[PDB]
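Both blocks below hold the same protein chain, though in two forms, and each is given as structure tokens: structure 1 and structure 2.
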Structure 1
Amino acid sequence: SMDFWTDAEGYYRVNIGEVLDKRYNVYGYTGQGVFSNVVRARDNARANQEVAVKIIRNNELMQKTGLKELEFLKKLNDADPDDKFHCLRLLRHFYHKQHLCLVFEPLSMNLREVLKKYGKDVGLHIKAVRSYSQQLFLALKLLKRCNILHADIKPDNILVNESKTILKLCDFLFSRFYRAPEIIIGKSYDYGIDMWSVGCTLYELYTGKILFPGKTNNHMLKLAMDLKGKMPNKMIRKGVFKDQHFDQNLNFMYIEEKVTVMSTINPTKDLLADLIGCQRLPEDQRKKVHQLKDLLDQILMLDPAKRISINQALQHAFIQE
């Protein structure tokens, strides 16, 4: 998230049965987190309630990064005192053996794991996609209110409770698939990047498949333009990486090594067909799928200024009808 060898040293292995801050009885690992150990504990000081504790590495870079994370979470916590906007709740922090330790509400699994348990190319029920879409847009609403850009929304960064009724947005290879085109071309960017990533996620939640599985940044742009046609001229010109992907005449240079020069990219991606799949749907679910397709069309505009607003997303037929 962002405001709109000594870097890897100091890992701490917490033992099962260790008590932290004279209260957190560590009883299990989670596996989550990239650089820090995230453990499950019971809070002996608060009726043995379950928490997750992230133990950050003891080095300068990750200490400072930890403090920034703490600041972002406190800002969202204060902006949303009743927890209606679906961001992860930090409970408090402490220090242990020079490690900054962050204590969070416990959650069950991330949405990548939920998709895996649905099985290969299966996806969720459209009713769950509807509910999760609303919750995600509410998270977007809070982030924008707090002048925060996530910049890496994807199933791996969304956690759910045990019943899978509630999701919380959080932040910890796959990242390229969810990247907005303004980022790829190197244009100045805004809250629109997170709306884009939410669109990519929603498609994947329903189909079980990655929307834009591009091997490179060049391939990602081609796949986006296969949906929406060629990127606007004014957008191309403002990108600091435009020369990797477009020539002096703003023709797209499709790499496949061979370079195919394209003045036009005819839209060919059939989003509805891909959404429906081999399903024989009843008219009520079929209607909802059409509405999902329309929501995605409005999210996945190449120009971020022309994407659906957060409020228009919340009031879209997919959610409301």
Structure 2
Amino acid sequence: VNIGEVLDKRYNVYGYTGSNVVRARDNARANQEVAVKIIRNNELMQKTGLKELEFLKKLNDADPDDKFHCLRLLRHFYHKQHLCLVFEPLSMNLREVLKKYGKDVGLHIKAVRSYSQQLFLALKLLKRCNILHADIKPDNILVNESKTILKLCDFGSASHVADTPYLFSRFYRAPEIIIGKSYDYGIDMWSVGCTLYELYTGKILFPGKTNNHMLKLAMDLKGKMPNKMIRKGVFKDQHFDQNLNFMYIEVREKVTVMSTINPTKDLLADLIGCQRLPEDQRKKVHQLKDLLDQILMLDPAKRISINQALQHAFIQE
């Protein structure tokens, strides 16, 4: 991976981004900017490249007009036993935007409104194509030079609907994944909810040190997981006893058995954060609170649908 080098007898590499992603000009297209993702030659990462290629192709093929905010794969090739995915050029990820523009205290509610709509449109396309992303978070969301259009990236995470709790990013992990319940598109809707709170506050919604702490924090917001849901979980015994008490595990392990968790998480107070806002922004923050309340239902089946999300006051009013 060296600057000045040429890939596929056309891509002149002039920059790093941060597997490896480089910025290059296509000599065969009047030196138009591309991004090239070079995937490691090792056994696991190659088969993950094969999958990411197939998922992008299927999502690109299912959105020809590019209205549903997934990363555009231009083409692929091989350079010295290494798979290379050529992509539309893009500035940076929302993790970088939160640093530089958010200054670690989050973005303007207008920006979150716009980002919310685009991410909801991304879920719609993922559902249509029977795809779970499973690793949605600011780091896997790219933006253009002007920072107004986001594309969801990194589908090396991705799976078909029909297909474990340590696989992706703990903070954005849905409770049904943690307890080992059968899961659908709701896990991506959950991860989006976590992301929206983080885009406005700059902070992790559920900063749990373990899957156990994750369930505790989700229940600090919504109270104890419903018995009907706990029971459908293959890993219920790791978190709940035979009486369906929660086992709060602190790490040598100390365990506290709880009959109930009192809801204590004040989502509105954490979103506002003593800002003293004008009336128009205050209303949009209250509407984000309501949207989050509807997204972060512990039972997937009770979560706001993608269409109800796109129609939500926060995005529409």
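Just so we're on the same page, rigid core means the largest C-alpha set that superposes within 1.5 Å between forms. Structure 1 provides the reference sequence; residues are numbered from 1 along it.
Participant: Among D78, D121, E162, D82, which is the residue that shifts its C-alpha 2 Å or more between structures 1 and 2, core superposed?
Facilitator: It is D121; the other listed residues stay below 2 Å.
Participant: With both forms fitted on the core, check whether the Cα of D274 differs by 2 Å or more between structures 1 and 2.
Facilitator: No, shifts by less than 2 Å.
Participant: Would you tell me if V289 moves between structures 1 and 2 by 2 Å or more at its C-alpha, with the rigid core held superposed?
Facilitator: No, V289 moves less than 2 Å.
Participant: Look at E50 and decide if its Cα position differs by 2 Å or more between structures 1 and 2 after superposing on the rigid core.
Facilitator: No, the C-alpha moves less than 2 Å.
Participant: After superposing on the rigid core, what is the C-alpha displacement of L107 between structures 1 and 2, in Å?
Facilitator: C-alpha displacement of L107 between structures 1 and 2: 0.6 Å.
Participant: Once the rigid core is matched, what's the CA displacement of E60 between structures 1 and 2 in angstrom?
Facilitator: Comparing between structures 1 and 2 after core fitting, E60 shifts 3.7 Å at its C-alpha.
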